[PDB]
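Data first, discussion second: the structure below is written as structure tokens.
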Amino acid sequence: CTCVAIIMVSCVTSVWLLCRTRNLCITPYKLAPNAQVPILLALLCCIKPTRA
Amino acid sequence: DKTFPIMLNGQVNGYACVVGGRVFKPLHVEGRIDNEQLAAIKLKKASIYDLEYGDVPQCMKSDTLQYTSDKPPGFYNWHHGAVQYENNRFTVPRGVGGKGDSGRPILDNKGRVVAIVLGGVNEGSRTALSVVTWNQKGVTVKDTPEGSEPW
Amino acid sequence: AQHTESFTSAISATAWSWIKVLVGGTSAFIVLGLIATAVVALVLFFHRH
């Protein structure tokens, strides 16, 4: 039960930190719909690619 | 120009364009062409790129010259008005965008075809057209707006 | 018989080479087909923008 509590208290520091950076990946780019994102951050470093 | 209507029980439900090399006809419409020399066209289905078989001989070839890429955002001769943009279609006013007039070409200042309309009956206060475009070197791209009904 | 015959007591080394060729090559011929549809989808997606 200590093994499933350390995992569950560290899996909630994933989505608190990975989705924190994933919001910071895209918010300087939905503010700029007239500029093209770099291809490194389009798929690899940040998830969401260019749409239309 | 030279564009043909498609007959379905005596009424018009689409327009078929011809470009030098291959004719065009939208997938969402149906009926019979209005030409004896276009009655022998081998019809076939395709993807959303709207590819038809242009098996017409040399007799009526070189009708509408194709426009290349690097299209400027300037004036374009729509049949029922004018379009002025490049990346997407310019917001044409209300009234236009009815039904049964698919496939109408958007011409240029020199009488060259650049896009073929496919859908977008109504979006609200304005009207966005889903057309086919050539991106940078001539690769044909089908571009659509959010929630565009075929037309 | 002193021994006990099993299910795989008859297959030789040459017969198992034809089992692996008939299984490995034809299964990989669908993997080439399955990787082909995931490549031209990526090409046509890059033509959109």
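Residue numbers start at 1 in each chain; chains themselves are named A, B, ... in the order of the structure tokens; ligands are numbered from 1 in the order shown.
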
(Q) Give me, as a PyMOL selection string, all polymer residues having an atom no more than 8 Å from residue 118 of chain B, counting only C-alpha atoms and skipping those fewer than 6 positions away in the same chain. (A) chain B and resi 26+102-103+129-131+150-151

Could you please take those selected residues and save N, CA and C atoms as a CSV table (one decimal), in the first residue's frame?
chain,number,residue,atom,x,y,z
B,26,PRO,N,-18.3,17.6,-59.4
B,26,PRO,CA,-18.3,17.3,-58.0
B,26,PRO,C,-18.9,15.9,-57.7
B,102,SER,N,-22.7,23.9,-57.5
B,102,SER,CA,-21.4,23.4,-57.1
B,102,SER,C,-20.5,23.5,-58.3
B,103,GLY,N,-19.2,23.5,-58.0
B,103,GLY,CA,-18.2,23.3,-59.1
B,103,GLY,C,-17.9,24.5,-59.9
B,129,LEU,N,-16.2,29.7,-48.4
B,129,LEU,CA,-16.2,28.7,-49.5
B,129,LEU,C,-15.1,27.7,-49.3
B,130,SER,N,-15.5,26.4,-49.5
B,130,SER,CA,-14.5,25.3,-49.4
B,130,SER,C,-14.1,25.1,-50.9
B,131,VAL,N,-12.9,25.4,-51.2
B,131,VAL,CA,-12.3,25.3,-52.6
B,131,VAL,C,-11.1,24.4,-52.5
B,150,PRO,N,-21.9,20.6,-47.8
B,150,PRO,CA,-21.7,20.6,-49.2
B,150,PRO,C,-22.8,21.4,-50.0
B,151,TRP,N,-22.4,22.0,-51.1
B,151,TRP,CA,-23.2,22.9,-51.9
B,151,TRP,C,-22.9,22.9,-53.3

Q. Could you list, as a PyMOL selection string, every residue of chain B that has an atom within 12 Å of an atom of chain C, counting only C-alpha atoms?
A. chain B and resi 47-49+87+132-144

Q: Could you check how far atom CA of residue 28 of chain B sits from atom CA of residue 2 of chain B, in Å to one decimal?
A: 21.2 Å

Q) Quick one: residues within 9 Å of residue 104 of chain B, only C-alpha atoms counted, chain neighbours fewer than 6 positions away excluded, as a ChimeraX atom specification? A) /B:3,14-17,78-79,115-118

Selection from above, N, CA and C atoms, as a PDB file, in the first residue's frame, can you write it?
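Result went into out36.pdb, see below:
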ATOM      1  N   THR B   3     -18.485  26.315 -69.096  1.00  0.00           N
ATOM      2  CA  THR B   3     -18.839  25.430 -67.996  1.00  0.00           C
ATOM      3  C   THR B   3     -20.221  24.852 -68.255  1.00  0.00           C
ATOM      4  N   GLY B  14     -25.931  21.314 -60.277  1.00  0.00           N
ATOM      5  CA  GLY B  14     -24.483  21.383 -60.259  1.00  0.00           C
ATOM      6  C   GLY B  14     -23.891  21.927 -61.542  1.00  0.00           C
ATOM      7  N   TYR B  15     -22.641  22.379 -61.486  1.00  0.00           N
ATOM      8  CA  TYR B  15     -21.941  22.895 -62.655  1.00  0.00           C
ATOM      9  C   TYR B  15     -20.610  22.174 -62.805  1.00  0.00           C
ATOM     10  N   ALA B  16     -20.332  21.694 -64.012  1.00  0.00           N
ATOM     11  CA  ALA B  16     -19.120  20.938 -64.295  1.00  0.00           C
ATOM     12  C   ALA B  16     -18.154  21.813 -65.082  1.00  0.00           C
ATOM     13  N   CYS B  17     -16.958  22.002 -64.542  1.00  0.00           N
ATOM     14  CA  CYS B  17     -15.924  22.799 -65.180  1.00  0.00           C
ATOM     15  C   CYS B  17     -14.998  21.914 -66.003  1.00  0.00           C
ATOM     16  N   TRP B  78     -14.965  35.918 -59.358  1.00  0.00           N
ATOM     17  CA  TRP B  78     -16.052  34.994 -59.084  1.00  0.00           C
ATOM     18  C   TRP B  78     -17.218  35.304 -60.020  1.00  0.00           C
ATOM     19  N   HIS B  79     -18.019  34.276 -60.317  1.00  0.00           N
ATOM     20  CA  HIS B  79     -19.104  34.435 -61.284  1.00  0.00           C
ATOM     21  C   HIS B  79     -20.208  35.341 -60.751  1.00  0.00           C
ATOM     22  N   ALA B 115      -9.408  27.928 -58.621  1.00  0.00           N
ATOM     23  CA  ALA B 115     -10.044  27.137 -57.576  1.00  0.00           C
ATOM     24  C   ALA B 115     -11.429  26.714 -58.041  1.00  0.00           C
ATOM     25  N   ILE B 116     -11.972  25.698 -57.370  1.00  0.00           N
ATOM     26  CA  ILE B 116     -13.287  25.140 -57.674  1.00  0.00           C
ATOM     27  C   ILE B 116     -14.054  25.015 -56.365  1.00  0.00           C
ATOM     28  N   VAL B 117     -15.234  25.641 -56.291  1.00  0.00           N
ATOM     29  CA  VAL B 117     -16.016  25.662 -55.057  1.00  0.00           C
ATOM     30  C   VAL B 117     -16.672  24.305 -54.829  1.00  0.00           C
ATOM     31  N   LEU B 118     -16.878  23.963 -53.556  1.00  0.00           N
ATOM     32  CA  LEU B 118     -17.451  22.664 -53.207  1.00  0.00           C
ATOM     33  C   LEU B 118     -18.614  22.740 -52.227  1.00  0.00           C
TER      34      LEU B 118
END

Q: Based on DSSP run over this structure's backbone, return all residues of chain A in alpha helix (DSSP H), as a PyMOL selection string.
A: chain A and resi 3-15+18-30+39-43

(Q) Set the cut-off to 10 Å and count only C-alpha atoms: what are the residues of chain A that reach chain C? Output as a count of residues only. (A) 4

Q.
So that I can check the surroundings of segment 38-46 of chain A, please list as a PyMOL selection string every protein, DNA and RNA residue that reaches within 8 Å of it, counting only C-alpha atoms and ignoring chain neighbours fewer than 2 positions away.
A. chain A and resi 22+25-26+36+48-50

Q) residue 50 of chain B: which residues within 8 Å, counting only C-alpha atoms, same-chain residues fewer than 5 positions away excluded, as a PyMOL selection string? A) chain B and resi 24-27

So which residues of chain B fall under strand (DSSP E or B) by DSSP, listed as an mmCIF file with N, CA and C atoms, in the first residue's frame?
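This is the output file part-v5.cif:
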data_model
loop_
_atom_site.group_PDB
_atom_site.id
_atom_site.type_symbol
_atom_site.label_atom_id
_atom_site.label_comp_id
_atom_site.auth_asym_id
_atom_site.auth_seq_id
_atom_site.Cartn_x
_atom_site.Cartn_y
_atom_site.Cartn_z
ATOM 1 N N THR B 3 -18.485 26.315 -69.096
ATOM 2 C CA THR B 3 -18.839 25.430 -67.996
ATOM 3 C C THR B 3 -20.221 24.852 -68.255
ATOM 4 N N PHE B 4 -20.424 23.609 -67.818
ATOM 5 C CA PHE B 4 -21.592 22.851 -68.238
ATOM 6 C C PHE B 4 -22.511 22.567 -67.055
ATOM 7 N N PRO B 5 -23.829 22.602 -67.259
ATOM 8 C CA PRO B 5 -24.759 22.214 -66.192
ATOM 9 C C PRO B 5 -25.116 20.736 -66.248
ATOM 10 N N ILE B 6 -25.410 20.177 -65.079
ATOM 11 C CA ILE B 6 -25.733 18.762 -64.944
ATOM 12 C C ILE B 6 -27.234 18.633 -64.720
ATOM 13 N N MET B 7 -27.904 17.920 -65.621
ATOM 14 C CA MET B 7 -29.356 17.806 -65.606
ATOM 15 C C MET B 7 -29.790 16.623 -64.752
ATOM 16 N N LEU B 8 -30.750 16.860 -63.861
ATOM 17 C CA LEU B 8 -31.394 15.802 -63.084
ATOM 18 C C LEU B 8 -32.890 16.094 -63.069
ATOM 19 N N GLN B 11 -33.889 19.859 -63.960
ATOM 20 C CA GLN B 11 -33.434 20.961 -63.127
ATOM 21 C C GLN B 11 -31.925 20.891 -62.930
ATOM 22 N N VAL B 12 -31.336 22.043 -62.627
ATOM 23 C CA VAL B 12 -29.897 22.163 -62.427
ATOM 24 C C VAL B 12 -29.584 21.849 -60.973
ATOM 25 N N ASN B 13 -28.607 20.964 -60.753
ATOM 26 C CA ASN B 13 -28.128 20.676 -59.406
ATOM 27 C C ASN B 13 -26.605 20.646 -59.345
ATOM 28 N N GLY B 14 -25.931 21.314 -60.277
ATOM 29 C CA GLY B 14 -24.483 21.383 -60.259
ATOM 30 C C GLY B 14 -23.891 21.927 -61.542
ATOM 31 N N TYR B 15 -22.641 22.379 -61.486
ATOM 32 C CA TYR B 15 -21.941 22.895 -62.655
ATOM 33 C C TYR B 15 -20.610 22.174 -62.805
ATOM 34 N N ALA B 16 -20.332 21.694 -64.012
ATOM 35 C CA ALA B 16 -19.120 20.938 -64.295
ATOM 36 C C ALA B 16 -18.154 21.813 -65.082
ATOM 37 N N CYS B 17 -16.958 22.002 -64.542
ATOM 38 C CA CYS B 17 -15.924 22.799 -65.180
ATOM 39 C C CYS B 17 -14.998 21.914 -66.003
ATOM 40 N N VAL B 18 -14.291 22.542 -66.937
ATOM 41 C CA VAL B 18 -13.292 21.865 -67.754
ATOM 42 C C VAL B 18 -11.990 22.655 -67.688
ATOM 43 N N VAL B 19 -10.899 21.961 -67.372
ATOM 44 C CA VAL B 19 -9.556 22.522 -67.389
ATOM 45 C C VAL B 19 -8.769 21.747 -68.438
ATOM 46 N N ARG B 22 -7.892 17.751 -68.013
ATOM 47 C CA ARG B 22 -8.874 16.923 -67.325
ATOM 48 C C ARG B 22 -10.101 17.759 -66.987
ATOM 49 N N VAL B 23 -11.284 17.173 -67.182
ATOM 50 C CA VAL B 23 -12.541 17.819 -66.820
ATOM 51 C C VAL B 23 -12.787 17.620 -65.330
ATOM 52 N N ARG B 32 -27.067 13.922 -65.542
ATOM 53 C CA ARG B 32 -26.581 13.725 -66.898
ATOM 54 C C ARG B 32 -25.991 15.023 -67.430
ATOM 55 N N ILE B 33 -24.857 14.909 -68.126
ATOM 56 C CA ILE B 33 -24.235 16.083 -68.725
ATOM 57 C C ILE B 33 -25.059 16.553 -69.925
ATOM 58 N N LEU B 65 -6.936 27.845 -69.094
ATOM 59 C CA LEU B 65 -5.551 27.645 -68.701
ATOM 60 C C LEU B 65 -5.425 27.632 -67.183
ATOM 61 N N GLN B 66 -4.620 26.704 -66.674
ATOM 62 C CA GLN B 66 -4.430 26.568 -65.238
ATOM 63 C C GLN B 66 -3.525 27.671 -64.706
ATOM 64 N N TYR B 76 -10.090 38.509 -57.706
ATOM 65 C CA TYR B 76 -10.384 37.275 -58.420
ATOM 66 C C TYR B 76 -11.826 37.310 -58.901
ATOM 67 N N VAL B 83 -13.727 37.762 -55.176
ATOM 68 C CA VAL B 83 -13.034 37.211 -54.016
ATOM 69 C C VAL B 83 -11.656 37.854 -53.948
ATOM 70 N N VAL B 92 -17.604 36.499 -48.853
ATOM 71 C CA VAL B 92 -18.576 36.974 -49.834
ATOM 72 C C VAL B 92 -19.837 37.386 -49.083
ATOM 73 N N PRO B 105 -16.104 27.626 -61.260
ATOM 74 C CA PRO B 105 -14.712 28.064 -61.133
ATOM 75 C C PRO B 105 -14.607 29.512 -60.689
ATOM 76 N N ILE B 106 -13.510 29.815 -60.004
ATOM 77 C CA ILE B 106 -13.135 31.184 -59.674
ATOM 78 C C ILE B 106 -11.967 31.558 -60.574
ATOM 79 N N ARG B 112 -7.787 32.748 -66.111
ATOM 80 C CA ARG B 112 -7.193 31.478 -65.719
ATOM 81 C C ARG B 112 -7.877 30.951 -64.466
ATOM 82 N N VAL B 113 -8.172 29.653 -64.460
ATOM 83 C CA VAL B 113 -8.847 29.029 -63.328
ATOM 84 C C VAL B 113 -7.859 28.851 -62.181
ATOM 85 N N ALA B 115 -9.408 27.928 -58.621
ATOM 86 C CA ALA B 115 -10.044 27.137 -57.576
ATOM 87 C C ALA B 115 -11.429 26.714 -58.041
ATOM 88 N N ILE B 116 -11.972 25.698 -57.370
ATOM 89 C CA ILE B 116 -13.287 25.140 -57.674
ATOM 90 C C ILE B 116 -14.054 25.015 -56.365
ATOM 91 N N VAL B 117 -15.234 25.641 -56.291
ATOM 92 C CA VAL B 117 -16.016 25.662 -55.057
ATOM 93 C C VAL B 117 -16.672 24.305 -54.829
ATOM 94 N N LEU B 118 -16.878 23.963 -53.556
ATOM 95 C CA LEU B 118 -17.451 22.664 -53.207
ATOM 96 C C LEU B 118 -18.614 22.740 -52.227
ATOM 97 N N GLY B 119 -18.589 23.665 -51.275
ATOM 98 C CA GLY B 119 -19.612 23.678 -50.251
ATOM 99 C C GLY B 119 -19.669 24.996 -49.512
ATOM 100 N N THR B 127 -20.023 34.240 -45.495
ATOM 101 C CA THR B 127 -20.045 32.939 -46.151
ATOM 102 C C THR B 127 -18.633 32.569 -46.578
ATOM 103 N N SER B 130 -15.487 26.438 -49.454
ATOM 104 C CA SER B 130 -14.521 25.346 -49.431
ATOM 105 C C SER B 130 -14.087 25.060 -50.863
ATOM 106 N N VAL B 131 -12.857 25.443 -51.201
ATOM 107 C CA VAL B 131 -12.340 25.314 -52.556
ATOM 108 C C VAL B 131 -11.109 24.413 -52.548
ATOM 109 N N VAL B 132 -10.679 24.028 -53.752
ATOM 110 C CA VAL B 132 -9.441 23.285 -53.956
ATOM 111 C C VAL B 132 -8.362 24.252 -54.419
ATOM 112 N N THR B 133 -7.178 24.140 -53.823
ATOM 113 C CA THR B 133 -6.097 25.078 -54.073
ATOM 114 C C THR B 133 -4.800 24.310 -54.263
ATOM 115 N N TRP B 134 -3.821 24.977 -54.864
ATOM 116 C CA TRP B 134 -2.498 24.410 -55.082
ATOM 117 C C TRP B 134 -1.525 25.175 -54.194
ATOM 118 N N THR B 140 -2.216 19.659 -55.290
ATOM 119 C CA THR B 140 -3.591 20.085 -55.077
ATOM 120 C C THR B 140 -4.018 19.814 -53.641
ATOM 121 N N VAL B 141 -4.590 20.827 -52.998
ATOM 122 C CA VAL B 141 -5.016 20.764 -51.605
ATOM 123 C C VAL B 141 -6.506 21.047 -51.552
ATOM 124 N N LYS B 142 -7.241 20.228 -50.808
ATOM 125 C CA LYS B 142 -8.639 20.511 -50.515
ATOM 126 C C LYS B 142 -8.718 21.218 -49.168
ATOM 127 N N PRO B 150 -21.908 20.633 -47.789
ATOM 128 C CA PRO B 150 -21.692 20.626 -49.244
ATOM 129 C C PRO B 150 -22.784 21.375 -49.993
#

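The neighbours of residue 73 of chain B here are the residues that come within 10 Å of it, using only C-alpha atoms and leaving out any residue fewer than 2 positions away in the same chain; they are residues 70, 71, 75, 76, 83, 84, 85, 86, 87, 88, 89 and 90 of chain B.
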